[PDB]
């Protein structure tokens, strides 16, 4: 056999890609780790989770992805990552379920054949890669959903910067499935280029 299914919070390297899996609802969501930059998720009556594959150190890399994205409820398909100094999480949202994410509107960026709305939000005394903190979240949210294509990450970062949304030193960067309460499944593949 060879793929691996996991159910407990962890990070690591699988098939040459970084991966992260986290939930507040153990036993309601799993991640199956496939060859290369690919994984699947399955969730049933869950809480919150985020799972994905990518890189332990993010940057401006152009990436390409393909996904099967099958939420019954609130979920997102997102190029997600973190920085430190300052502590920021960011989301380049390609598709979503019942709810389209929003925040304080800071403009648009047109890249990779689509136009994205830019938003800022804040998290308050919340989990982070640095423990309980208050920090910013940056968003690019595509104006129409899609489930495959190229993301020229640097174009997002540059648009954010023009709007005053400054990033720190990169931590991980993954093509994520995010969910809240839903049930559903996904299969996602990511690579550079």
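Numbering follows the first chain given and starts at 1.
S.K.: Please compare 127-135 with 37-45 and name the stretch with the higher mean C-alpha B-factor in the deposited structure.
M.R.: Between 37-45 and 127-135, it is 127-135 that shows the higher mean C-alpha B-factor.
S.K.: Output the stretch having the higher mean C-alpha B factor in the entry; the candidates are 163-171 and 56-64.
M.R.: Result of the comparison: 163-171.
S.K.: So if I compare the CA B-factors in the entry for 185, 182, 15, 20, which one is the largest?
M.R.: Highest C-alpha B-factor among the listed residues goes to 182.
S.K.: Please place residue 11 in the lowest, middle or highest third of its chain according to the CA B-factor in the PDB entry.
M.R.: Middle third, going by the recorded CA B-factors of the chain.
S.K.: Where does the C-alpha B-factor of residue 90 rank in its chain, lowest, middle or highest third?
M.R.: For residue 90, whose C-alpha B-factor we compare with every modelled residue in the chain, the answer is the lowest third.
S.K.: Within this chain's modelled residues, let me know which third the CA B factor of residue 114 belongs to: lowest, middle or highest.
M.R.: For residue 114, the deposited C-alpha B-factor lands in the highest third.
S.K.: Considering every modelled residue of the chain and its Cα B-factor in the PDB entry, is residue 108 in the lowest, middle or highest third?
M.R.: According to the entry, residue 108 has a C-alpha B-factor in the chain's middle third.
S.K.: With respect to C-alpha B-factor, does residue 73 fall in the lowest, middle or highest third of the chain as deposited?
M.R.: For residue 73, whose C-alpha B-factor we compare with every modelled residue in the chain, the answer is the highest third.
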